[PDB]
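One chain comes next, on its own, written out as structure tokens in the form deposited in one PDB entry.
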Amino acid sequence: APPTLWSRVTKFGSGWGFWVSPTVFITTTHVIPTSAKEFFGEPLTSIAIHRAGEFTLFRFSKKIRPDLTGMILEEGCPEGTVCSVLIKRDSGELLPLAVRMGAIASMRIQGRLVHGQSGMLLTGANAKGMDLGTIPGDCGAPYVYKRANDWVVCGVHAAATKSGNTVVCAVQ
């Protein structure tokens, strides 16, 4: 994935979020600290917060990231799309995990009911654990893909099954 996409992936709460534009940041709802009253030096009163289940969007009054251009955010993607999940791991390593996307689904995964777009990893038969699959610390990582000359962001990492083969992207 391009360096400009990796620059938008930001360590946040118990996981990650992603800058869509200078004023719009998206994440997975459960990584946000429940007591938090201040984000990027701005009080809640100066932020419009739009929560749809495990999808959260923050729209700031001030340009927080003026180095960035606005890109396209869509509500999931067509069945069969191959996305990359933009995962940062311990030591400047960058893991763009390949995932074939499927239908919108409701599942029970460990102690949680989750709803979003399902997908199947294309990294191995080999996805139980950190080397070729996801870990709980990856929540909030963006799902991206290239369409003609444009990159699209279409959701944030919300959950993975015990085997690691199935993942769920929370969508706007």
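Definition used throughout: the rigid core is the maximal C-alpha set that superposes within 1.5 Å between two forms. We number the residues from 1 along the sequence you see.
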Exercise for review: Please indicate which stretch deviates more in 9 other deposited structures of this protein: 123 to 131 or 48 to 56, judged by C-alpha RMS distance after a core superposition?
Suggested key: 123 to 131
Check your understanding: Quick one: with the core lined up, is it 159 to 167 or 20 to 28 that wanders further in 9 other deposited structures of this protein, going by C-alpha RMS?
Key -> 159 to 167
**Study point:** Mean temperature factor over C-alpha atoms, higher-scoring stretch between 112 to 120 and 36 to 44
**Key:** 36 to 44
Check your understanding: Which wins on mean Cα temperature factor, 98 to 106 or 85 to 93?
Key -> 85 to 93
Exercise for review: Please pick out which of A52, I26, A141, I135 has the largest Cα B-factor as recorded in the entry.
Suggested key: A52
Review point. Highest CA temperature factor in the entry: which of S21, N149, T10, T161?
Key: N149
**Study point:** Among modelled residues of the same chain, the CA temperature factor third for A1
**Key:** highest
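Just so it is clear, the following notes concern the form solved in complex with a small molecule, a form of the same protein that is not shown.
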Check your understanding: With the partner left out of view, is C154 within 4.5 angstroms of the small molecule in the deposited bound form by any non-hydrogen atom?
Key -> no
**Study point:** Touches the small molecule in the deposited bound form: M71 (any heavy atom, 4.5 Å)
**Key:** yes
**Study point:** is_contact(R59, the small molecule) in the deposited bound form, heavy atom dist at most 4.5 Å
**Key:** yes
